[PDB]
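**Q** Structure incoming, see below.
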Amino acid sequence: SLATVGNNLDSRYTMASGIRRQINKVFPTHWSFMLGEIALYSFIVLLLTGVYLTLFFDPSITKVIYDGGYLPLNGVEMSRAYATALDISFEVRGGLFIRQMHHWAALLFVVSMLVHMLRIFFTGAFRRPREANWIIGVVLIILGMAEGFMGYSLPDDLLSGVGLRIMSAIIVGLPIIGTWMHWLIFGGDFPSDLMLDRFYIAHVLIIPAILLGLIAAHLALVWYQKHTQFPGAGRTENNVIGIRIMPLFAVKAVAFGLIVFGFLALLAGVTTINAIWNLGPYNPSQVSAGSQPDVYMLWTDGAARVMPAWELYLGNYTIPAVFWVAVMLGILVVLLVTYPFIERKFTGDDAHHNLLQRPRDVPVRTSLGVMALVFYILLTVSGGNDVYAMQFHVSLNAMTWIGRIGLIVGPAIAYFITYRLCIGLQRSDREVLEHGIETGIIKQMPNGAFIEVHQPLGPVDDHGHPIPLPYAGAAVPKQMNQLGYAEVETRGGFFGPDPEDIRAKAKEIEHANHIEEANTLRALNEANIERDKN
Amino acid sequence: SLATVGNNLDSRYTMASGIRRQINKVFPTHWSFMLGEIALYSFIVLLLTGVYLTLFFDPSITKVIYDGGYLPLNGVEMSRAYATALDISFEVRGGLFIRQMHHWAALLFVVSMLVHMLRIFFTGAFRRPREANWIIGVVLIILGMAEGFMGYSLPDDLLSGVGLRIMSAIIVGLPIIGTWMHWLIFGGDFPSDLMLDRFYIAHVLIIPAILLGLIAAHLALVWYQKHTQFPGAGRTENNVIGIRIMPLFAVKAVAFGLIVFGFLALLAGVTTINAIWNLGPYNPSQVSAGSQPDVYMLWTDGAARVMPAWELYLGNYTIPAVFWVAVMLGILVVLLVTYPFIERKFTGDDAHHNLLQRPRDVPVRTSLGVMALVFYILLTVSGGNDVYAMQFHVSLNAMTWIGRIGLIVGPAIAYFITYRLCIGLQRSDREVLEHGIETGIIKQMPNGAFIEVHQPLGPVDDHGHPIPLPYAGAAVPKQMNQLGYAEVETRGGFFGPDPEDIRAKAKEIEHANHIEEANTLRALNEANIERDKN
Amino acid sequence: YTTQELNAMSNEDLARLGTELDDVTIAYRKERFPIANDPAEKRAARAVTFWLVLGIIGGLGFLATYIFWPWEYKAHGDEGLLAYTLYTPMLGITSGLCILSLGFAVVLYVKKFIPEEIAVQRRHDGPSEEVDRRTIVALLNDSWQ
Amino acid sequence: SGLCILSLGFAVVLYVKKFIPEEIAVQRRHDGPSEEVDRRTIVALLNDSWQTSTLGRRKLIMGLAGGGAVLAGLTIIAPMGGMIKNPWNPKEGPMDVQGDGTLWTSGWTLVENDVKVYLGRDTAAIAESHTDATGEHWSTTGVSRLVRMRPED
Ligand SMILES: CC(C)=CCC/C(C)=C/CC/C(C)=C/CC/C(C)=C\CC/C(C)=C/CC/C(C)=C/CC/C(C)=C/CC/C(C)=C/CC/C(C)=C/CC1=C(C)C(=O)c2ccccc2C1=O
Ligand SMILES: CCCCCCCCCCCCCCCC(=O)O[C@H](COC(=O)CCCCCCC[C@@H](C)CCCCCCCCC)COP(=O)(O)O[C@H]1[C@H](O)[C@H](O)[C@@H](O)[C@@H](O)[C@@H]1O
Ligand SMILES: CCCCCCCCCCCCCCCC(=O)O[C@H](COC(=O)CCCCCCC[C@@H](C)CCCCCCCCC)COP(=O)(O)O[C@H]1[C@H](O)[C@H](O)[C@@H](O)[C@@H](O)[C@@H]1O
Ligand code: HEM
Ligand code: HEM
Ligand code: HEM
Ligand code: HEM
């Protein structure tokens with residue numbers, strides 16, 4: 001009775017033709033093409049765990065005497081926000097589990113986007129026509145960071161409160177619109193009554209709406225311009241080689257989705273995050289050692305530490321030393337957002353790119369990427385060099401100076417090494433194409449010469465040295481096991497073999513199948529040669 | 001500068017044919033095909049005025065002593081929710097304006113959907129294939145009502161608090177699991193902590209998201225069926241006759257869009273709504289005489305008033321009298337949702353209808369609609385029968401009995417009258433086709449017979465007596481001015497007579513224009529005929 | 001369509017081809033007035049100008065009243081009680097005059113300047129195609145089997 | 001929960017790479033600039049819509065329309081000025097122990113108003129629980145958070 005369900009659905013929405021095309025879209029299979037899905041699944045967990053978390057949370061600053069579940073804090077005056085966050089974790093069955101799931105999901109979300117951005121950057125997937133996706137994604141990461149920031153500052157504990165104090169005092173110190181801006185955001189002096197209400201609404205509605213909208217636009221725009229792929233065998237700029245949506249892509253997407261969901265569900269139980277009961281209510285007069293924000297916010301806090309005391313005292317005015325920090329952070333973002341355009345400016349490449357490129361074939365961009373990664377990592381480490389100093393027994397002043405000097409010398413060394421290594425990887429590729437795979441079977445000729453057997457991947461002439469093949473943009477095998485010359489020729493379990501008849505029959509079919517598979521790729525290339533001729 | 005922005009936007013989204021298709025969609029022009037826009041524009045105003053309204057509002061039940069803009073109520077102990085709602089009207093510049101805009105928009109929204117649903121119902125736009133739209137829309141109106149309900153319950157004043165008391169005590173008095181369900185929603189006895197928090201988090205997120213999702217799906221699904229239209233000249237069941245999206249439809253949509261926006265901006269200033277400063281903080285002991293919820297919620301309260309004391313005592317258990325109210329309201333909703341299915345069961349016609357039908361041609365459905373409207377109106381009046389009783393000097397007991405009895409005899413009389421009037425309108429429509437327009441020229445024939453001049457719309461046989469034109473499902477003219485026999489033939493301004501030279505040509509041009517229009521319309525008709533005979 | 005024969009099409013003929021690729025036919029497109037400098041053009045222009053100027057006045061009024069008008073609360077028997085109770089109504093009057101007038105101006109432009117139009121579009125609905133139905137149940141069946 | 005969801009995930013993935021057949025699919029890309037036929041058809045339609053509207057000739061109408069639209073926009077966003085607050089306007093009422101609300105005052109400013117301000121040591125005292133005939137309640141009556149301090153302390 002399923003054909004009658006199809007009949008009703010078709011007779012109304014003329015949907016047979018438009019969904020045949022949806023279920024036939026082919027997507028390239030590569031492990032690095034699943035990194036964006038991690039961000040998507042983490043985002044889904046955040047929305048679901050977040051909604052559950054708002055049924056027990058009161059975002060108020062009004063002071064109350066605590067008389068809840070956590071007896072070691074009974075009788076202390078705290079806000080309604082901290083008291084209800086303490087009630088989620090001590091009075092709701094499985095409330096701590098969900099709270100921890102939420103925070104872990106936030107962390108994974110931001111790191112998933114970072115790693116996905118790195119994949120996009122290195123492989124060159126931001127090139128025409130995919131710059132809109134780059135800009136959308138960059139906005140996504142900044143908003144993700146902002147979202148996480150206003151999320152961990154909701155409980156109104158001592159640790160998060162210092163983050164708000166830092167943020168407010170950063171804004172207030174702005175050259176012209178600095179004290180007027182602070183009064184517009186917080187609704188007055190810090191802290192203020194409306195502050196945790198403006199933060200709550202920006203966190204549960206304002207940002208997630210924008211985020212969901214941008215994500216939806218992101219996915220639709222990706223789905224419209226099929227996907228990029230690595231320049232493999234039979235693959236051109238006018239085709240996609242992979243797997244169709246069903247039955248293979250859809251099931252794989254669900255499996256990996258469950259994997260991420262299950263992993264977050266494990267972390268939510270087995271590890272502690274943001275133990276707010278240890279920290280007390282926010283008090284402007286008391287503080288703790290280190291007191292760092294979340295990992296994604298450490299780069300901003302690290303920027304403030306390594307900036308020297310460079311205040312400008314004009315006539316009856318003051319530019320705080322923090323202002324230059326904002327300038328630097330303003331540059332890093334602008335450099336990141338408008339990357340495809342500066343790429344194109346300095347390279348003079350304005351073509352339609354559908355084929356990816358391996359990082360080793362673009363050494364300047366790869367090296368710039370690793371240079372920028374070292375910059376970001378140094379900012380992150382120096383934002384949290386108090387915990388590094390204490391645990392690893394190094395001078396805190398030495399850490400500050402390492403941050404200051406390392407931001408000049410670290411990127412330079414990173415570029416040099418990365419560039420040289422990229423060219424090295426290029427050279428190793430050419431050796432195989434020119435001479436063949438190094439077998440590793442050293443044998444002695446009658447005269448006494450030790451020679452290593454080389455396996456050519458192309459046709460040879462008639463004097464040993466085989467005609468070297470040109471680079472084709474793809475990975476070339478370098479081991480003899482990569483050609484299946486170490487493949488196990490026993491079928492069976494762990495304790496017992498299979499019958500002979502079922503064994504030899506099975507090797508024959510697998511042999512015929514792999515031969516025909518290679519033949520498809522060969523035939524593809526041939527048609528593509530004639531296609532590109534025209 | 002403009003040629004080049006399009007060039008590098010098409011070169012990367014291949015959107016020339018996709019955009020051309022959207023801007024060439026034809027939409028039927030009818031005043032009743034716009035009532036759906038009113039709901040959309042009011043919804044946009046709600047979510048926009050709502051976001052502004054959340055920057056100043058603290059949804060906390062924590063009691064405070066008020067000191068603020070409202071010089072009365074200084075020193076009065078109120079909730080945090082009430083104090084901030086009282087602050088956004090007396091301490092925020094133009095905050096009362098926005099608050100009133102919000103409430104007015106809510107009212108218009110619900111009335112923008114109800115009237116829209118009436119248009120859909122009467123004209124038969126819910127028929128095949130448009131039943132998903134009917135179901136989606138019905139869910140939209142119920143959720144809109146629920147959203148409005150939880151919106152005006154946020155300020156936590158005395159009037160709204162009684163609504164929550166009524167709602168909680170309705171839930172608590174449900175058979176079997178009404179006690180556990182009440183404790184699961186409010187998180188304990190009424191009132192509770194995390195009661196204004198669950199409502200605030202479901203009014204500014206859960207409902208909006210659901211509504212936005214349903215609306216977006218609704219509009220997309222409408223754009224897929226490319227509307228419906230009334231029977232008329234040249235228009236068949238496989239075409240749309242109207243105007244293209246640009247330049248005519250898009251501009252008209254914006255023009256009407258801002259008209260609604262501007263109208264809501266007028267009422268927001270000139271007319272008071274929900275004067276919460278006169279109502280006082282919620283107190284379980286204090287009540288007022290006029291405790292009606294809101295216009296869209298009046299029908300539920302009216303149902304509760306006219307239900308007799310019919311309690312069922314079952315030994316150790318009791319069924320409240322209000323249970324039957326719930327049952328009744330449940331039936332009304334179920335009847336409304338599954339209407340297309342019940343209408344096509346008793347008609348036995350599901351034949352993919354794309355042409356609308358005038359209400360006069362479907363007397364049973366029209367009469368059922370007016371029967372249901374009278375039912376709803378009587379429930380609504382009974383919901384505020386205490387303000388009717390005093391202001392119009394009627395016994396309140398008499399009002400209760402009018403509601404009780406009127407729900408049986410009111411619908412019956414409504415059906416009878418409406419049916420007869422529908423057939424009457426049908427009859428008047430046939431007289432014109434059979435005999436012609438009744439002109440007001442009472443001539444006296446030489447014999448002395450007073451005869452009225454009749455204008456045939458069709459060919460005549462021998463001596464007047466027009467060949468009767470068959471009914472065509474369209475509006476037949478009834479007066480001679482509807483054929484432009486009263487058209488003013490003097491071009492010029494109010495004072496300007498206008499030169500005859502330029503006045504002759506313009507009348508000639510308009511004459512040739514409507515001749516060509518009529519010619520093209522009748523050619524379209526002829527095309528349909530010779531197309532329908534193959 | 002060879003490019004050679006695309007340059008042989010008018011600005012209008014190209015559009016008429018364009019509208020017909022979407023199953024749309026433009027019947028009865030008529031210019032509002034094909035008269036050389038008739039007073040009726042000036043009359044139509046002077047009506048939409050009225051509602052534009054009035055909207056501008058309304059906008060400036062709203063801005064002026066929003067900034068410079070006593071808006072703080074005044075109690076029963078205070079001096080400025082009248083000027084206060086009129087703040088919200090004045091906001092309503094001015095804002096509702098700005099946006100409303102602009103709306104009237106825009107609708108009056110559509111009705112008086114943009115040409116008459118009848119467009120007729122073919123409609124594509126029902127049980128799809130005979131081929132598409134067969135090849136979707138075959139693809140779905142294939143992926144399950 | 002980890003075991004349940006993770007195991008189901010593993011089961012599903014282990015099915016696709018053991019039971020679902022091996023597929024290489026090749027799809028043709030349709031992207032880049034559109035066909036010229038349609039290209040000159042979409043620009044001609046947009047040009048027709050602009051020309052026939054006869055708005056280009058009316059300098060005054062479009063000039064005033066721009067102004068009107070700008071004023072409407074500014075009218076819509078104007079109530080956002082309710083958020084604007086003067087940082088240099090002291091909060092209502094006399095100066096309290098938290099200062100005047102501005103950046104100038106610090107609650108120590110009370111010394112300039114002939115108020116005798118001590119140096120208050122924080123004793124970190126909490127509320128006291130009291131159980132009676134009427135349940136248990138937290139009172140802070142006898143308890144002093146801040147206490148005076150001596151120069152020998
Ligand atoms: C085929 C397919 C499914 C393709 C995928 C397309 C897709 C999902 C794209 C992503 C969506 C996009 C473009 C997002 C934009 C991202 C972005 C820049 C910002 C984020 C957006 C955001 C912050 C949202 C949160 C709050 C917010 C401002 C919401 C928007 C509020 C509004 C204006 C809602 C109503 C608009 C809406 C949902 C329309 C549905 C689309 C359709 C089919 C409309 C048809 C339509 C109808 C029916 C009218 O009556 C009408 C009357 C007068 C003028 C126009 C229209 C009109 O366009
Ligand atoms: C609307 C939610 C949908 C739930 C999804 C379905 C998941 C199924 C599994 C449910 C887990 C069972 C949890 C039951 C919990 C329990 O044991 O309840 C105690 C005493 O229960 C009893 O003996 C009887 C319990 C009967 C209720 C079980 C309901 C499940 C079934 C029957 C309903 C079908 C669901 C339909 C699906 C619809 C899907 C909709 C999305 C109350 O003692 P109390 O002293 O108040 O202590 C308090 C803590 O218990 C409490 O958690 C709280 O956190 C503490 O604060 C504390 O007050
Ligand atoms: C997108 C284009 C943006 C264009 C901007 C044009 C938008 C027009 C509407 C702007 C909102 C209304 C403007 C002025 C509104 C006004 O009159 O506010 C007074 C005025 O400020 C001053 O005097 C000093 C002058 C400050 C300039 C104000 C004009 C705002 C412009 C410059 C800023 C926007 C431009 C930035 C682009 C935005 C994009 C986002 C990045 C504050 O004195 P105050 O005494 O603190 O009054 C308090 C009560 O307001 C309050 O309720 C409280 O209750 C009272 O206690 C009292 O303190
Ligand atoms: C919110 C986090 C993000 C999500 C959920 C997300 C989601 C996705 C998904 C599902 C895809 C297609 C599958 C894939 O290639 O992996 C994709 C592709 C892409 N994303 Fe993201 N993305 C995110 C962040 C970003 C960021 C931060 C950038 C860039 C700075 C970016 C740029 C791109 C680009 C260029 C592609 C195209 C890859 C290709 O088509 O070759 N995305 N994204
Ligand atoms: C981009 C997605 C999101 C991120 C990155 C995010 C991040 C965070 C973080 C880092 C916290 C601190 C958690 C803690 O206190 O242990 C938090 C708390 C919270 N989030 Fe989210 N969140 C997101 C989405 C949402 C959404 C959509 C909602 C609500 C609809 C929400 C509601 C909350 C609430 C109520 C809290 C406070 C409860 C608590 O502190 O325990 N979040 N969020
Ligand atoms: C949230 C409120 C609603 C909005 C914003 C909305 C919006 C729209 C719009 C813009 C249209 C396009 C055609 C028109 O204007 O008439 C439409 C059509 C339609 N709506 Fe609604 N609608 C709403 C509520 C409803 C409700 C409550 C129902 C049904 C109970 C409904 C059923 C329909 C149907 C059947 C059509 C098709 C009319 C046709 O195609 O001829 N809608 N709606
Ligand atoms: C979906 C349509 C909506 C309807 C029908 C609706 C209805 C209402 C109503 C009737 C009130 C009472 C206002 C008053 O006291 O005068 C209200 C209050 C409120 N609404 Fe909504 N609302 C809607 C959407 C939203 C949205 C999307 C938000 C937030 C994003 C929002 C936020 C608020 C806030 C903060 C209040 C504050 C209570 C007050 O100040 O009176 N509303 N709503």
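In the structure tokens, chains take the letters A, B, ... in the order shown, each chain's residues start at 1, and ligands count up from 1 in the order shown.
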Please extract the residues at most 6 Å from ligand 6, counting only C-alpha atoms and all ligand atoms, and provide them as a PyMOL selection string, using the chain letters and residue numbers of this document.
**A** chain B and resi 33-37+39-40+113+117+120+125-126+130+133-134+137-138+140-141+215+219+222+227-228
**Q** Give the residues close to ligand 2, within 8 Å, counting only C-alpha atoms and all ligand atoms; write them as a list in words.
**A**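 So, counting only C-alpha atoms and all ligand atoms, the residues near ligand 2 are residues 91, 92, 93, 94 and 95 of chain A; 184 of chain B.
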**Q** Please produce a file of the residues just selected, as a compact mmCIF listing (two decimals), in the first residue's frame, where the atoms kept are C-alpha atoms.
**A**
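What ended up in selection-v5.txt:
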```txt
# COMPACT_ATOMS: atom_id res chain seq x y z
CA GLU A 91 18.22 19.30 41.16
CA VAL A 92 17.30 18.12 37.66
CA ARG A 93 17.71 14.42 36.89
CA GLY A 94 20.32 14.27 34.12
CA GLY A 95 20.61 18.08 33.99
CA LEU B 184 5.24 18.76 34.32
```
**Q** Considering only C-alpha atoms, state which residue in the set A:118, A:250, A:194, A:309 is at the smallest distance from chain C.
**A**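 Ranking A:118, A:250, A:194, A:309 by distance to chain C, first place goes to A:250.
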**Q** So that I can check the surroundings of range 5-20 of chain C, please list as a ChimeraX atom specification every protein, DNA and RNA residue that reaches within 10 Å of it, counting only C-alpha atoms and ignoring chain neighbours fewer than 6 positions away.
**A** /B:17,20-21,23-25,244 /C:26,119,121 /D:36-49
**Q** Pull out every residue of chain D sitting within 9 Å of chain A, counting only C-alpha atoms, and send them as an NGL selection string.
**A** :D and (1-13 or 16 or 20-21 or 23-32 or 83-87 or 101-103 or 125-129 or 138-139)
**Q** Return as a PyMOL selection string the residues of protein, DNA or RNA that approach ligand 5 to within 6 Å, with only C-alpha atoms and all ligand atoms taken into account.
**A** chain A and resi 43+46-47+50-51+53-54+57+85+99-100+103+106+144+147-148+151-152+154-155+204+208+274
**Q** If you count only C-alpha atoms, which residues fall within 7 Å of residue 399 in chain A, apart from same-chain ones fewer than 4 positions away, as JSON, numbers by chain?
**A** {"A": [385, 395, 403]}
**Q** Kindly save the residues from that selection, with N, CA and C atoms included, as a CSV table (one decimal), in the first residue's frame.
**A**
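As a result, selection-v3.csv now contains:
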```csv
chain,number,residue,atom,x,y,z
A,385,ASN,N,49.2,31.5,29.3
A,385,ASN,CA,50.6,31.3,29.6
A,385,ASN,C,50.8,31.2,31.1
A,395,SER,N,59.4,30.7,33.6
A,395,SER,CA,59.2,32.1,34.0
A,395,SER,C,58.0,32.7,33.2
A,403,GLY,N,56.0,35.0,23.7
A,403,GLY,CA,54.8,35.4,22.9
A,403,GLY,C,55.2,36.6,22.1
```
**Q** Near chain A, meaning an atom within 6 Å, which residues of chain B appear when counting only C-alpha atoms? Write them as a list in words.
**A**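 Taking only C-alpha atoms into account, residues 12, 55, 129 and 198 of chain B sit within 6 Å of chain A.
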**Q** Find the distance between CA of residue 90 in chain B and CA of residue 69 in chain B and write it in Å to one decimal.
**A**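 Those two atoms sit 5.0 Å apart.
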**Q** What residues in chain C have any atom no more than 8 Å from chain D when counting only C-alpha atoms, and can you write them as a ChimeraX atom specification?
**A** /C:1,3,6,11-12,14-15,17-19,31,45,48-49,52-53,55-56,59-60,62-63,66,95,98-99,102,113-115
**Q** Just how far from CA of residue 177 in chain A is atom 29 (C, counted along the ligand's line) of ligand 3, in Å to one decimal?
**A**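 Interatomic distance here is 11.8 Å.
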**Q** May I have the residues of chain C within 8 Å of chain A, counting only C-alpha atoms, written as a ChimeraX atom specification?
**A** /C:125-129,132-133,135-136,139,143-144
**Q** Filtering to C-alpha atoms, could you give me those residues as a short mmCIF file (atom, residue, chain, number, x, y, z; two decimals), in the first residue's frame?
**A**
```cif
data_model
loop_
_atom_site.label_atom_id
_atom_site.label_comp_id
_atom_site.auth_asym_id
_atom_site.auth_seq_id
_atom_site.Cartn_x
_atom_site.Cartn_y
_atom_site.Cartn_z
CA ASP C 125 0.48 19.93 -12.57
CA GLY C 126 -1.06 16.46 -12.28
CA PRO C 127 0.59 12.97 -12.33
CA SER C 128 3.94 14.30 -13.62
CA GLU C 129 5.22 12.42 -16.70
CA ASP C 132 9.51 10.19 -14.68
CA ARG C 133 7.12 8.13 -12.54
CA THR C 135 12.08 5.76 -13.50
CA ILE C 136 11.71 7.01 -9.90
CA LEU C 139 15.57 3.81 -9.05
CA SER C 143 18.50 0.90 -4.28
CA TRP C 144 16.38 -1.23 -1.90
#
```
**Q** Write down as a PyMOL selection string the residues of range 56-135 of chain C whose backbone DSSP state falls under alpha helix (DSSP H).
**A** chain C and resi 56-67+81-85+87-112+130-135
**Q** Pull the strand (DSSP E) assignments for range 150-334 of chain A out of DSSP run on the backbone, and list those residues as a PyMOL selection string.
**A** chain A and resi 239-244
**Q** List as an MDAnalysis selection string the protein and nucleic acid residues near residue 278 in chain B, meaning an atom at most 10 Å away when only C-alpha atoms are counted, but skip any in the same chain fewer than 6 places from it.
**A** chainID B and resid 72:73 157:159
**Q** Could those selected residues go to a file with C-alpha atoms, as a PDB file, in the first residue's frame?
**A**
```pdb
ATOM      1  CA  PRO B  72       2.373  55.541  41.407  1.00  0.00           C
ATOM      2  CA  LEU B  73       3.266  51.909  42.207  1.00  0.00           C
ATOM      3  CA  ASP B 157      -0.090  41.756  35.727  1.00  0.00           C
ATOM      4  CA  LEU B 158      -3.369  41.055  37.529  1.00  0.00           C
ATOM      5  CA  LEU B 159      -5.462  40.604  34.373  1.00  0.00           C
TER       6      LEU B 159
END
```
**Q** Using only C-alpha atoms, which of B:31, B:324, B:450, B:121 sits nearest residue 373 in chain B?
**A**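 Looking only at the distances to residue 373 in chain B, the closest residue turns out to be B:121.
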**Q** May I ask for the distance between CA of residue 527 in chain A and CA of residue 475 in chain A, given in Å to one decimal place?
**A**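 These two atoms are separated by 21.7 Å.
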